[PDB]
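S.K.: What follows is a structure written as structure tokens; I'll ask about it next.
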Amino acid sequence: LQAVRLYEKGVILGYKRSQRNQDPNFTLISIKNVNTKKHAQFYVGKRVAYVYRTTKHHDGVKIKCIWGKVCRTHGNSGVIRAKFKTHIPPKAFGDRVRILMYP
Amino acid sequence: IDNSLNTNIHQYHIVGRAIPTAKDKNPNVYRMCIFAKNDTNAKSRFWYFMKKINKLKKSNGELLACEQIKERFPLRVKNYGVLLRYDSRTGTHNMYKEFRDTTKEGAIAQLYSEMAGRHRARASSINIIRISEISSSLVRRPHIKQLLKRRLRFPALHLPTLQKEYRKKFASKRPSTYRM
Amino acid sequence: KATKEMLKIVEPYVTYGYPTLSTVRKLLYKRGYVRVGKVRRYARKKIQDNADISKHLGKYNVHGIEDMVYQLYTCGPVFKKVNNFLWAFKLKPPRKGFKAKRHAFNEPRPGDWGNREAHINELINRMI
Amino acid sequence: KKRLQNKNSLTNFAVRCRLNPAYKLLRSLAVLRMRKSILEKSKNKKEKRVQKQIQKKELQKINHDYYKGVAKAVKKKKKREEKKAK
Amino acid sequence: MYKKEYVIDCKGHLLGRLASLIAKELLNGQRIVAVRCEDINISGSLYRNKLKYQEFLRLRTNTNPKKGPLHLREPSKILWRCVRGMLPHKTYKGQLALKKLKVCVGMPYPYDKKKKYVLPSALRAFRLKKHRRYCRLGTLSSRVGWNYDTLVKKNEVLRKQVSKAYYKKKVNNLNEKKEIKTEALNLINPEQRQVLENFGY
Amino acid sequence: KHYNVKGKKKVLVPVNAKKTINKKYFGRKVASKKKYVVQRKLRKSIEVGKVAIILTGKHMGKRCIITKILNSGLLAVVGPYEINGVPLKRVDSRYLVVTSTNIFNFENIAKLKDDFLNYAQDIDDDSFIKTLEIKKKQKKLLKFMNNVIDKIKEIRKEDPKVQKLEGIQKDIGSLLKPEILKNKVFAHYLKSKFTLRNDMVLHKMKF
Amino acid sequence: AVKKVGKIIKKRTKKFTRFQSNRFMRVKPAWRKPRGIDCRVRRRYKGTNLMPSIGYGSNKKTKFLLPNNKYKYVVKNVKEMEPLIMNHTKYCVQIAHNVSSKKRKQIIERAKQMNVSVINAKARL
RNA sequence: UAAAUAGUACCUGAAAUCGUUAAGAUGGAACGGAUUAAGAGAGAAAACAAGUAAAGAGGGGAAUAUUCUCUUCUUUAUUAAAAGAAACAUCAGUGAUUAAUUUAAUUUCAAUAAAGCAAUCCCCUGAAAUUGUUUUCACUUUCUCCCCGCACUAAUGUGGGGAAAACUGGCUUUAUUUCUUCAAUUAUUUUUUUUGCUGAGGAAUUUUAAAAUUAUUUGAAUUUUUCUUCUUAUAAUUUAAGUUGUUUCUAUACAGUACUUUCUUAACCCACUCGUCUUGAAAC
RNA sequence: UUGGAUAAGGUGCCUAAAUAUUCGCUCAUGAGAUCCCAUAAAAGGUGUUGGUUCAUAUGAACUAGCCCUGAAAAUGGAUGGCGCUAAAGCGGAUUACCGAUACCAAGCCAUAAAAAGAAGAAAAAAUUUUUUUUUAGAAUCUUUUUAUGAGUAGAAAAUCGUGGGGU
RNA sequence: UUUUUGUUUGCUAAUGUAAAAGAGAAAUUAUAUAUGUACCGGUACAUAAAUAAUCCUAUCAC
Ligand SMILES: O[C@H](c1cc(C(F)(F)F)nc2c(C(F)(F)F)cccc12)[C@@H]1CCCCN1
Ligand SMILES: O[C@H](c1cc(C(F)(F)F)nc2c(C(F)(F)F)cccc12)[C@@H]1CCCCN1
Ligand SMILES: [Mg+2]
Ligand SMILES: [Mg+2]
Ligand SMILES: [Mg+2]
Ligand SMILES: [Mg+2]
Ligand SMILES: [Mg+2]
Ligand SMILES: [Mg+2]
Ligand SMILES: [Mg+2]
Ligand SMILES: [Mg+2]
Ligand SMILES: [Mg+2]
Ligand SMILES: [Mg+2]
Ligand SMILES: [Mg+2]
Ligand SMILES: [Mg+2]
Ligand SMILES: [Mg+2]
Ligand SMILES: [Mg+2]
Ligand SMILES: [Mg+2]
Ligand SMILES: [Mg+2]
Ligand SMILES: [Mg+2]
């Protein structure tokens, strides 16, 4: 096996939202097999990284990453809210995110 | 202890009396059991009832005692007979219903639901007039009589209520309602 | 009597009841703000120190937060003054939320605006 | 005076102490209370039970009486109904 | 919904609920293949359903029916339409989600060899009381002109035989594996074996 | 030094004021008025001979045994180089998931504990932080490709502190290795990398 | 959004452009406050241009500080340069747009002597 | 000609509008706001390096022509440091979690293992002869037994009619509580597991005084207690007296693909032509 | 502005939050779906679900819930759509959650008011002395504190810019 | 098809992904029962019955 996971998989969903009001300050994350509030709480302090690819190289690379902290659980069904260093692009709304094991 | 199953209807013994007056030094004390969700609600109910019945209002009387009565044998099935007065959109009716339960409070809770569901009678419109435990020789309602059967047995046809952990939207193999 | 009447007049817009001692103390501590200055120019200052209240309430033999709390709990010789001194408690919304602000607490259906005499404290705790 | 933080009294022990001086003593007392072993408590239970009997009986009498009253009322109501029917 | 592509076996499901289930997943970011769409059930009585369909058909654009409501009468098509209804398809994300969904009548080329999933919170057996009238979607489609129902059924039947054949082989393989395991459990190491036993395997 | 407020007993560590801040209306003054900062106090699972998984390093996922509570809060870790490949590596408590498994709980390795402890003690805090000179030297190589890397490696090797650390690591390996090898399964475990799989839920894990 | 750099907080990096300045050429971006009934901007409907307001203003303490943390001072002449001899850490020189090249050079030289930063030294360089 | 994109429609030559080039976008408008994004441009005056040394090019000022000293640019190298961003840690403020805990109070209980007590009996609860009370019969099991139906049942049973007992239950006891219980709801309290966000200010005497805490020292107290409290005195510290520290990184860089910022489209959500008279305008 | 916690309302998907739990009631060959609100009635119904009053386990009469009939208009079509019947309907109850520019906590901006104000070395870096920063005192000004901040007609104040003039 | 390096005059070397970290999993069918197996849809015998709450597949470098 080449490469080791060490993170839980996730899907970076919408922003924190009304019915028709945005709130880009928080993102909503679905974490693989976590379906309840209680389970969600386990991940609360863990660090989240949205890694993404680009055409132009930057710090000599095609992959860059934005970091976040995972702030609180979100309503009954294991979803969590995550707050990031800089707000996530909505291009990301169906994308994968990584929830690391540290803190 | 379960906090999803519980219905917060309690029974309160309330005692009150009209403030004594120079002209009526020795007033009459009135007592009742009242089924309500909290103690303040119970008090309010009592006051309302007083208003309805005698010349008395909260402003010219005082609560003497409020007890809160817990069921003595909260794990003994009991057959409860209840008498109600309710208001419909069209008028007012008296009725008697029977409920097999484990506490008076539980019975009351059941009753409220039933009235809401079957008659569209809202909590405001109902007045409980007496709930008493009926011996099995005096059960008049068939849905309670049936239960009172000897060696009663029935299968379990209900659909499994899985925990929202083991509830998943994608399933391997088509679940079975048959069970056994 | 007058107070009661007033309450009745604004019954459907407020929730009230009997606060209990611990709750009162809590309120004084975490939410207790006080008016410090010459009359009609008050400035909302959090207590923290006893010397802040010992200036105004020094004549009335009520130095320290504890004394104030005591006064609040049971209408002592000097309670009204103490109340006046205390800034209106700017409270949070309840952490579990209200039932329904339209309906009464005494209403058989879920409500709020009634005289919740024994559950007022609970409410306060929830929204402290 | 330049405003600094506004320090939670209920937690920040020092601040609390400053606010209310006797509080320390109270806290100490509480701690002491907490300290005492469960065996003693258990022992006390028996004593409590012993002491409670009469009180318990009284309570029973009260509640029983209430029940009886209720029953009587019900009976009266029934009688009234019967009369009406007649 | 973290799989590459979920194949959903639409037999024995309750239409609208199924659609709803699909839609959310699609929105999230999941490739869904709704397969075997002839056997999706609707909770109304068959006749009622038919009537509803007729009514829907009747609402066409008055000026030029080339535009307006396209009354797609294939069961798969119907399902797709339903899914779309439950989506913000007028935006870009919604459109993408819609695209991600793929609907099939019966079972085609790759979705016979892929694992078929079931949505238990949408099943007819778990959502309807057995004294209520339900309606097979294929039948409904046929009633409102689809024609290719019998053919589809035949195809399904044919596929079933193949599946059975494959299943037998699979079973045999499983048996063989079991036998091997039985044989080899004595050939490992005692402590290790014990450990294995303890942990179910 | 320690303070016992409300019954916590927090333990103080002497700190130095480094940051300077401009005065309100005259000359600058030091930022810190506090002289003692409360000690880190690690979790109730971090011990002295437990095996932990490094989450973030280059040796990402490797299973390395804990060595010394290094006083600065962050702890020392070793995956006995000759077995796992993890050197004498300083690490924070957060970037390591410590397993409930302890080395000194096994019947074979428990007897060689005192020596291990001594070794740990011998390791110090200042032996890790690279002095500026070395860094400068390393930098100086930037102004072919692999050659540069080689040079850097050489420079690293040269460092006396580094050498000492290496020696210590070697000693530890010598002390520990044979026993580990003898417990074959354990050795294998030590060697292997911890990876999450499609069954390991993480939130229900009690490792 | 907010643009923290140092302790320097900027609340609103985006310029407030005139309503509809993007719709008719004749309307310049320069903020003008809309008047008259039915403005939408005046009425502050979700989704329109915002109205500049006093809440947006920078902390009294860091206000006219540039990213450098020095207040910009315009300089036309050596004489003017001189008021900032006792202020090289607090004001930074900008040489007037209309200064001839020789004079500019001289000013730059003076600045270097004074240790005072020049924000536009490169003009005509 | 200094200059012809000053060529006589001639100074400057804006906007609308149009052309060329490039980049981009494009499913029945377009633009816009909020927030990012990827590009594409720009940039170094915070976005690293003061000074020290060797030797060039300059400039000054002073001391009494030529000593001294101050410097700006170039260089060869030579050590800072600071500064921001991380990350972790420590406080403090405000929160979100999951465990609890004190003495109570409110007809709670439940087991334990030996004695018993009463059989339509008991705790109860019914039905009957203004509250208390007297008696009446009514109410428990059962894998028990008998008789009838003779397998008659949804039932590995059963419909009915009868018997049995105290295993079941209830009570009365003597003790027992980590075998299992010690609830629930208030009262008053004390903690704790994780944890998110915030860090304003910079105190020439209110960043003090006190509180608290640590190690001492004298005297008391009933809450006999390694957090027991007051108090006599002394030092220190922070829980006081709004965030500082450690290690990286940018980086041993002068601009780069990083960093800043302008523009550019995207994308999620929102957004109706302004002015106007009008109760009311997006207005057909 | 940041974080929190709510309000009205919601929580199948659209659409953030329950295909939550809990007890009923409804099947509709044009169901129903929440203030204003975007309609339905008299009269029926051996549809089912409760009841009440009577009579001898049936026969009555009633009664009220849901449901059905009564119920017909013109572009195609609208519980907002999709859909939904072990509801995602109707009537409850129990929690949990989501959810505002409202509330709370913190910052900053302005306004208003209030306190108050006509002399002095701090630190760091170097190696006991140099270097680096500042070393404040502008009364409509400075420092700090607290509260507050909608706005057409209108009023006022502070600013900003253009052509010229004296300085 | 395989390999190597790259995609760091309007051009004449050339980059993009709504989604890789194991994106693992082919009976069928009933829901008041199904599936096999063996005979003749019927009979007999097995077997699933919190069915992905599972199973498979990982790290054994040289
Ligand atoms: O929403 C109803 C409906 C539509 C459609 C569809 F558009 F897909 F064909 N199918 C329906 C079906 C369907 F047949 F199962 F698809 C059942 C019930 C109602 C349907 C129609 C739409 C017009 C008004 C109400 N009946
Ligand atoms: O009020 C004093 C003062 C004095 C005198 C003086 F007496 F010289 F005229 N003039 C002052 C002035 C002045 F009048 F402008 F000179 C202003 C402010 C304070 C002054 C202040 C006191 C603090 C130190 C500065 N002078
Ligand atoms: Mg609510
Ligand atoms: Mg108007
Ligand atoms: Mg208009
Ligand atoms: Mg010239
Ligand atoms: Mg020209
Ligand atoms: Mg000219
Ligand atoms: Mg010209
Ligand atoms: Mg017995
Ligand atoms: Mg600060
Ligand atoms: Mg819109
Ligand atoms: Mg008009
Ligand atoms: Mg907010
Ligand atoms: Mg909330
Ligand atoms: Mg949602
Ligand atoms: Mg439909
Ligand atoms: Mg809905
Ligand atoms: Mg205003």
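S.K.: Of A:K62/G:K14; B:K70/C:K92; F:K50/F:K111; F:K136/G:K90, which ones are farther than 25 Å apart at the Cα?
M.R.: The answer is A:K62/G:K14; B:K70/C:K92; F:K136/G:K90.
S.K.: By average Cβ neighbour count within 10 Å, what is the ranking of E:21-30, C:46-55, E:66-75 from highest down?
M.R.: Taking the mean over residues of other Cβ atoms within 10 Å, the ranking is E:21-30, C:46-55, E:66-75.
S.K.: Using a cut-off of 12 Å between beta-carbons, work out the net charge of the residues near E:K177 (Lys and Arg +1, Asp and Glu -1, E:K177 not included). Don't skip to the answer; put the middle values down first.
M.R.: Details: positive: E:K170, E:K178, E:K181; negative: E:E176, E:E179, E:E183.
Residues near E:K177 contribute 0 overall.
S.K.: On average, how much area does the Cα convex hull of the protein assembly as shown cover when viewed from any direction, in nm²?
M.R.: Taking the Cα atoms of the protein assembly as shown, their convex hull projects to 72.1 nm² on average.
S.K.: Quick one: of B:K97/D:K76; A:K32/B:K164; D:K24/D:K45, which pairs are farther than 24 Å apart, Cα to Cα?
M.R.: Beyond 24 Å: D:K24/D:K45.
S.K.: May I have the count of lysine pairs in region G:28-75 with C-alpha atoms under 29 Å apart, counting pairs 8 or more residues apart or located on different chains?
M.R.: Value for region G:28-75: 13.
S.K.: Oh, and also: Taking the Cα-to-Cβ direction at B:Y166 and at E:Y2 and moving 7 Å from each Cα, how far apart do the two end points lie in nm?
M.R.: Result: 2.1 nm between the two label points.
S.K.: What residue among B:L159, B:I108, B:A65 has its Cα farthest toward the positive end of the dipole of region B:52-180, where the charges are +1 on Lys, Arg and -1 on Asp, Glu, each on the Cβ?
M.R.: Ranked along the dipole, the leading option is B:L159.
S.K.: Report, to the nearest 10°, how far helix B:104-119 tilts away from the longest principal axis of the Cα atoms in chain B, using its own Cα long axis and a range of 0 to 90°.
M.R.: It works out to around 80 degrees.
S.K.: With n ≥ 4 as the cut-off for DSSP H runs, can you work out [θ] at 222 nm for chain C, using -39500 (n - 2.57) per run divided by the number of residues, rounded to the nearest 500?
M.R.: Helix contribution divided over all residues of chain C: -8500 deg cm²/dmol.
S.K.: Considering every residue in B:170-178, what mean count of other chain Cβ atoms within 10 Å of its Cβ is obtained?
M.R.: Across the residues of B:170-178, the mean count of other-chain Cβ atoms within 10 Å is 6.
S.K.: With θ set to phi - 60° and the Karplus curve 6.51 cos²θ - 1.76 cosθ + 1.60, what are the ³J(HN,Hα) couplings of region E:24-34 in order, to the nearest whole Hz, using x for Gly and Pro?
M.R.: Each residue's phi maps through the Karplus curve to give 4, 4, 4, 4, 4, x, 9, 6, 10, 10, 6 Hz.
S.K.: Something else: Between beta-carbons, use under 12 Å as the cut-off and find the net charge around B:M32, counting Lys and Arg +1, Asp and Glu -1.
M.R.: That sum, taken over residues with Cβ under 12 Å, equals +4.
S.K.: Just how large is the dipole of chain C about the Cα centre, in debye to the nearest 20, putting +1 at every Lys and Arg Cβ and -1 at every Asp and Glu Cβ?
M.R.: 580 debye
S.K.: How long are the semi-axes of the equivalent ellipsoid of region A:5-61, taking √(5λ) for every eigenvalue λ of the Cα gyration tensor, in whole Å from largest down?
M.R.: Equivalent-ellipsoid dimensions as semi-axes: 25, 19, 9 Å.
S.K.: Another question about this same structure. In angstroms, what radius of gyration and Dmax does region B:71-131 have, counting Cα atoms only?
M.R.: 12.0, 40
S.K.: Out of E:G16, E:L87, E:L57, whose Cα points farthest toward the positive end of the dipole of chain E (charges: +1 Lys, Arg; -1 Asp, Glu; placed on Cβ)?
M.R.: E:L57
S.K.: Okay, moving on. For the peptides A:8-15, D:25-32, what is the packing order when you average, over each peptide's residues, the other Cβ atoms within 10 Å and list the highest mean first?
M.R.: With the highest mean Cβ count within 10 Å placed first, the list reads A:8-15, D:25-32.
S.K.: For region C:17-83, what ratio Rg/Rh do Cα atoms give with a Kirkwood hydrodynamic radius?
M.R.: Dividing the radius of gyration by the Kirkwood radius yields 0.95.
S.K.: With no solvent and one point on each alpha carbon, what is the Debye value of log10 I(q)/I(0) for region F:166-207 at q = 0.23 Å⁻¹?
M.R.: Debye intensities relative to I(0), on a log10 scale: -0.82.
S.K.: ³J(HN,Hα) across region D:44-58 via Karplus (A = 6.51, B = -1.76, C = 1.60, θ = phi - 60°), whole Hz, x for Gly/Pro?
M.R.: Per-residue couplings from phi come out as 4, 4, 4, 4, 4, 4, 4, 5, 7, 2, 4, 4, 4, 4, 4 Hz.
S.K.: Could you let me know the centre-to-centre spacing of region B:28-66 and region C:64-123, using Cα atoms, in angstrom?
M.R.: Rounded to whole Å, the Cα centres lie 24 Å apart.
S.K.: Rank B:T40, B:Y30, B:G81 by how far each Cα sits towards the positive end of the charge dipole of region B:26-90 (+1 on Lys, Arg Cβ; -1 on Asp, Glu Cβ) and give me just the farthest.
M.R.: The residue sitting most towards the positive pole is B:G81.
S.K.: Distances over 13 Å make up what percent of all Cα-Cα pairs in region E:129-177? Don't jump to the answer; show the numbers that get you there.
M.R.: Details: 828 of 1176 pairs.
Here the long-distance tail beyond 13 Å is 70 percent of all Cα pairs in region E:129-177.
S.K.: Something else about it: In 5 Å bins starting at 0, how do the alpha-carbon pair distances of chain D split up by percent?
M.R.: That works out to 2, 10, 8, 9, 7, 7, 8, 8, 8, 7, 7, 6, 5, 4, 3, 1, 0, 0, in percent per bin.
S.K.: Out of all Cα-Cα pairs in region A:25-103, roughly what percent, to the nearest whole number, are more than 16 Å apart?
M.R.: 50 percent
S.K.: Considering only Cα-Cα distances, which of the following residue pairs are longer than 30 Å: E:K11/E:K52; F:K10/F:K170; D:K2/G:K7; A:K38/F:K58?
M.R.: Flagged as over cut-off: F:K10/F:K170; A:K38/F:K58.
S.K.: Also, quick follow-up: Simple spin-label model, 7 Å along Cα-to-Cβ: F:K35 to G:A1 in nm?
M.R.: Between F:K35 and G:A1, the simple spin-label model gives 4.3 nm.
S.K.: Considering every residue in C:40-47, what mean count of other chain Cβ atoms within 10 Å of its Cβ is obtained?
M.R.: The per-residue average across the peptide is 2.
S.K.: Determine ³J(HN,Hα), in whole Hz, for all residues of region F:22-33 in sequence, where each value follows from phi through the Karplus function 6.51 cos²θ - 1.76 cosθ + 1.60 and θ = phi - 60°; x replaces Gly and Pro.
M.R.: Values per residue, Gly and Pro as x: 4, 5, 5, 9, 8, x, 3, 9, 4, 5, 7, 8 Hz.
S.K.: Next question, about the same structure. Over the residues of chain E, compute the C-alpha Rg and express it relative to 2.2 N^0.38 Å. Present the calculation step by step, with values, prior to reporting the outcome.
M.R.: Working: Rg = 22.2 Å, N = 201, 2.2 N^0.38 = 16.5 Å.
Compactness ratio reported: 1.34.
S.K.: Okay, next question. Taking the C-alpha atoms of region C:2-128, how large are the radius of gyration and the largest Cα-Cα span, Dmax, in Å?
M.R.: Gyration radius and largest Cα-Cα distance of region C:2-128: 16.1, 49 Å.
S.K.: Write down the radius of gyration of region C:71-128 and its Dmax, each obtained from C-alpha positions, in Å.
M.R.: 14.3, 41
S.K.: Give me the distance in nm between label points sitting 7 Å out from Cα along the Cα-to-Cβ direction at B:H93 and F:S192, one decimal.
M.R.: Placing both labels 7 Å along Cα→Cβ, they lie 7.1 nm apart.
S.K.: What is the angle, in °, between the Cα long axis of helix G:101-114 and the longest principal axis of the Cα atoms in chain G? Nearest 10 is fine, range 0 to 90.
M.R.: The angle comes out at about 80 degrees.
S.K.: Once you order the gyration tensor axes a ≥ b ≥ c over the Cα atoms, which shape class does chain F get: rounded for a/c under 1.5, otherwise prolate or oblate by comparing a/b with b/c?
M.R.: oblate
S.K.: With only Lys, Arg, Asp and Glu charged, each at its Cβ (+1 for the first two, -1 for the last two), find how big the charge dipole of region A:1-75 is about the Cα centre; round to the nearest 20 debye.
M.R.: Using Cβ point charges on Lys, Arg, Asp and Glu, region A:1-75 gives about 80 debye.
S.K.: For chain G, take N as its residue count and report Rg(C-alpha) divided by 2.2 N^0.38 Å.
M.R.: This ratio for chain G stands at 1.46.
S.K.: Please list the non-local residues whose amide H lies under 5 Å from the amide H of F:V13, H modeled 1.01 Å from N, same-chain partners needing a gap of 5 or more.
M.R.: It is F:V37, F:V38, F:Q39, by chain and number.
S.K.: Which order do the peptides B:107-120, E:154-167, B:46-59 come out in when sorted by mean C-beta neighbours inside 10 angstrom, highest first?
M.R.: Working: B:107-120: 16.4, E:154-167: 11.9, B:46-59: 14.6.
Ranking the peptides B:107-120, E:154-167, B:46-59 by packing returns B:107-120, B:46-59, E:154-167.
S.K.: Moving on. Long-range amide H contacts for F:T101: which residues qualify at under 5 Å (H placed 1.01 Å from N, peptide plane, sequence gap of 5 or more or a different chain)?
M.R.: The list, which skips near neighbours in sequence, is F:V51.
S.K.: Would you kindly work out the equivalent ellipsoid of region A:52-97 from its C-alpha gyration tensor and give its semi-axes, the square roots of five times the eigenvalues, largest first in whole Å?
M.R.: On the way: eigenvalues 139, 26, 12 Å².
Values for region A:52-97, descending: 26, 12, 8 Å.
S.K.: Another question, then. Please give the average number of partner chain Cβ atoms lying within 10 Å of the Cβ of each residue in F:146-159, rounded to a whole number.
M.R.: 0
S.K.: Is there a quick way to get the dipole size of chain G? I mean about its Cα centre, with the Cβ of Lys and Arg at +1 and of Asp and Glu at -1; what is the value in debye to the nearest 20? Walk me through the numbers on the way to the answer.
M.R.: Working: 36 positive and 4 negative charges, 143 e Å.
The calculated dipole for chain G is roughly 680 debye.
S.K.: Same structure again: So how long is each side of region B:38-77 along the principal axes, counting just the alpha-carbon atoms, biggest first, in Å?
M.R.: 41, 17, 15
S.K.: Which of the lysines could a cross-linker span from C:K80 if the Cα-Cα distance has to be under 22 Å and same-chain partners fewer than 8 positions apart are dropped?
M.R.: In chain and number order, the partners are C:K1, C:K4, C:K8, C:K26, C:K30, C:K38, C:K45, C:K46, C:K55, C:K59, C:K90.
S.K.: Moving on to the next point. Pull up all non-local amide H partners of A:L6: gap of 5 or more, or a different chain, and H-to-H distance under 5 Å with H placed in the peptide plane.
M.R.: Those qualifying (amide H under 5 Å, at least 5 residues apart or on another chain) are F:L196.
S.K.: I'd like the distance separating the alpha-carbon centroids of region B:128-174 and region F:144-207, in whole Å.
M.R.: 62 Å
S.K.: Run through all the Cα pairs of region B:1-157 and give the fraction in each 5 Å bin from 0, expressed as whole percent.
M.R.: Calculated P(r), rounded to whole percents: 2, 8, 15, 18, 17, 15, 11, 7, 4, 2, 1, 0, 0, 0.
S.K.: Per 5 Å bin, what percent of the C-alpha pairs of region E:29-120 does each bin hold, from zero upward?
M.R.: Whole-percent P(r) values from 0 Å outward: 2, 11, 17, 21, 19, 16, 9, 3, 1, 0.
S.K.: By how many degrees, 0 to 90 and rounded to 10, does the Cα axis of helix E:75-85 deviate from the longest principal axis of chain E?
M.R.: 80 degrees
Readers should treat all values here as calculations from the given coordinates under stated rules, not as data from a laboratory. Don't worry about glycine lacking a Cβ; one is built from the backbone with ideal geometry, like all the others, and counts go over all protein chains shown.
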